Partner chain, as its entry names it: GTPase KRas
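Taking the form solved without its partner chain, here's one chain by itself in structure tokens.
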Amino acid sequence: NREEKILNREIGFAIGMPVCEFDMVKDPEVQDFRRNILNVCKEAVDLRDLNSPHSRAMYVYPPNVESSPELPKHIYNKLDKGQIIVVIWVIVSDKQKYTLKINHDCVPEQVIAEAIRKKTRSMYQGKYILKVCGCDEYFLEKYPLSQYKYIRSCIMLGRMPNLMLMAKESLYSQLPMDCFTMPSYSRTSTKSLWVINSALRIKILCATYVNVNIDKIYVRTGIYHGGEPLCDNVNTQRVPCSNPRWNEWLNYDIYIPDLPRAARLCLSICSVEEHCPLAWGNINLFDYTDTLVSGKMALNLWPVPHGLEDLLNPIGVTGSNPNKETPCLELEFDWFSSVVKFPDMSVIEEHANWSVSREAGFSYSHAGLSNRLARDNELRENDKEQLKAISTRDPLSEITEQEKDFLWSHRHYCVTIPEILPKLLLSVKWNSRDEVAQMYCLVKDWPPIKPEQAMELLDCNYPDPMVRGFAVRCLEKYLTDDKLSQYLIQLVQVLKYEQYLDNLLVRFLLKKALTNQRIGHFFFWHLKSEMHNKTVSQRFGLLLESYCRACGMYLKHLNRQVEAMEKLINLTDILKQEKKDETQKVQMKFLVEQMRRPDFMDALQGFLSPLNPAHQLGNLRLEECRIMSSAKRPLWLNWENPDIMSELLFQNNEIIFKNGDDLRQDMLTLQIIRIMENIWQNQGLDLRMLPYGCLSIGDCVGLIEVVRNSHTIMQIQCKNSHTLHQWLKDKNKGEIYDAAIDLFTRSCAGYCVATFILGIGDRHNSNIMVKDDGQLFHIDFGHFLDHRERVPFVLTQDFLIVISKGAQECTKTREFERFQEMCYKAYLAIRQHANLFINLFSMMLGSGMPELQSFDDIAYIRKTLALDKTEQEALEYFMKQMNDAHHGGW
């Protein structure tokens, strides 16, 4: 009791709302989620206690590894006959280094042995472990050394890997034994939907809290499966709005047995001609227990989002508005003197088998009645090619009603080309129980597809729980922890599309978060960052509760980060509101005084970076901290790295704290840049990008990683077109000059292509940066997509002079020709992976990012990548856009 009350206070602090507010929720789905989700918590904790203490160390410090053990060709050529130089440090009480030359695919135990041999020569293996010097990353698992991300980065960047030898007992002692306690809250016939001979009818009674300045109003309604209507929309009779009452039964063109599992009532109160929506709301026609909704219901509605022309909002969240001081539409559903439940799978399978059997016995003339019917023997070779051709089309490509009939009719052949599944599912008649039942049985036995292809089936086009269950099973089987970490933002976002709180996706994500602390860390922060959003605050709040009960000791470390962030929010809010007009000098005096307060100073020191929890943030170097003069006035913050071997990585950790701007756009752009870079490297195309760390922690508040040893193009030129080339020539004298120009041209090529494809905000001297070694990169990816196509990054003469090595006619050179060749190969490489990028954007539609509101916004990428065109026409398109932007050259 006392232990639980203390734990509840900690969880309450982590999530930003008290636990007791969840206890007060009457909704049975909420209380059932809280109870039933603890099974996932139990399972996760058992795996942690399985092979203790190693399994606990693997949870807290998981291997930061790539998915593939294999290496590219150009990366292997940087090695010395398939070998790497590695420095292994040993602390003695002084720092003793031991330089080893070993095979890139050596196991940590072999690496430790070779270090002990060198120590012996100067005058056992299983008692030690390797730690990365300067941060809390360990090599606890027997992987090839090159598969560890730190090591592969050192090879690619041409740096020396510095590891530290540490005793196993030193690490294991630092990890406390967590004790997961189960909380206190853990303690008329029934007929099928299919035996109901009746059409769908819903009564609209009346609205309350209809506060407006607007002649008459009406309740628009519709029956939807995802974004797709299952019948025509039905309106009520018009009413002045002075009196909001109707009491009118709306009749829909759908037979009750034909209602699919994920069917939803979508509605809105509108005003008139120029029709305009006032408030909107969506309801699941079946509840979480598979029961059809019956009797009276009251739905609090939402305010209309900005820029939405449509009267209904089908893809908007389902369920009632938490704010009860809002338009509250009263509804009544039809009653059938019994509990109406959705039929179970055995009944569905029986009917599917019955339909399949009947269809196989259809004559030529019967099959001829419908283009959705087709006999098995009539499947020709040209049809098989057409199906194959349809499967290679991108997700935004239109599937015609003819192609839908075609796809459905050959659905059994579609099993042999399993990547076509998304196309087949949109060809299904979701308002026909005969078809849907057969689709379920095909989905049940459907072959496994790649995680990236499965991810599409979790977006807003695929609401059916069998479809989404199949997708989750593909992730469980094939998604690596590396790729899960990479796609975690998308997977968190598609939780919003789930009909119910308890589902297969959230169970999969929670288990991974509770068996891998690196995943758990960002899982927590992605959820916590949107707790202000009342669309998702209950779902995310309840999910966070279940995480915080089972995550173990890390809750306390998370609470250090939460308090640190809250203190920075509080200080920046005061500077923004109270002391915005004052000078840099006076604001800094206020800031230093407030931070040096006893409670603030402890809160802002000695915690883990939310950008990367392997980085320890020690004491604040307040002398190095700065308020910057840019928009929103971000804090440049500087902490000591308290790691014993900090000098070998970095002595100071610099982070930008920014309060006022939305950073979710930047997060998505930075993720995509990293994926683009990854595709280029695997294709033998070394275009070095700089996807700096960026984490939204809240409503228009977040953290940004500082790139060390970097300057803006304005900072170069301010101290003439040759100034930039002269700066790099001065910074890289002698033999290393060519490496700098080569790094500049390669990085410049990557950013030219990447920014053009994505439609990033206009580039200029203040938001383009360059490192000392020549590495060019961009900052502030505030806007993207169609915010005709644009060229955001225009290579002015400054940049072209660097590529051509100080030549006057830089446009006509072999260096520029090679730079163009990099851009063409880079552009076409991304073209081949267009589905991934389209899907990654499609999974983010549910977020409230104003640049990504509909599928029309994502269609910008279809234009920039030229997907309707051929590969040669795509190059010619790309060249034309570059030529017109630069006024000749391409």
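Numbering follows the first chain given and starts at 1.
What follows is about the form deposited with its partner chain bound, which we do not show.
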- Message: Please identify the residue among 309, 274, 94, 398 with any heavy atom within 4.5 Å of its partner chain in the deposited bound form.
- Response: 94
- Which listed residue (255, 590, 76, 98) meets the criterion of a heavy atom within 4.5 Å of its partner chain in the deposited bound form? 98
- Message: Looking at 170-178, 328-336, 240-248, 114-122, which stretch has residues with any non-hydrogen atom within 4.5 Å of its partner chain in the deposited bound form?
- Response: 114-122
- Item | Contact flag, residue 80 vs its partner chain in the deposited bound form, heavy atom cut 4.5 Å | yes
- Residue contact check: residue 628 to its partner chain in the deposited bound form, 4.5 Å heavy atom: no
- Is there a heavy atom of residue 212 lying 4.5 Å or less from a heavy atom of its partner chain in the deposited bound form? no
- Message: Can you work out whether residue 718 and its partner chain are in contact in the deposited bound form, taking contact to mean some heavy atom pair no more than 4.5 Å apart?
- Response: no
- Within 4.5 Å of its partner chain in the deposited bound form, which residues of 462-479 have a heavy atom? Give them in sequence order, or say none. none
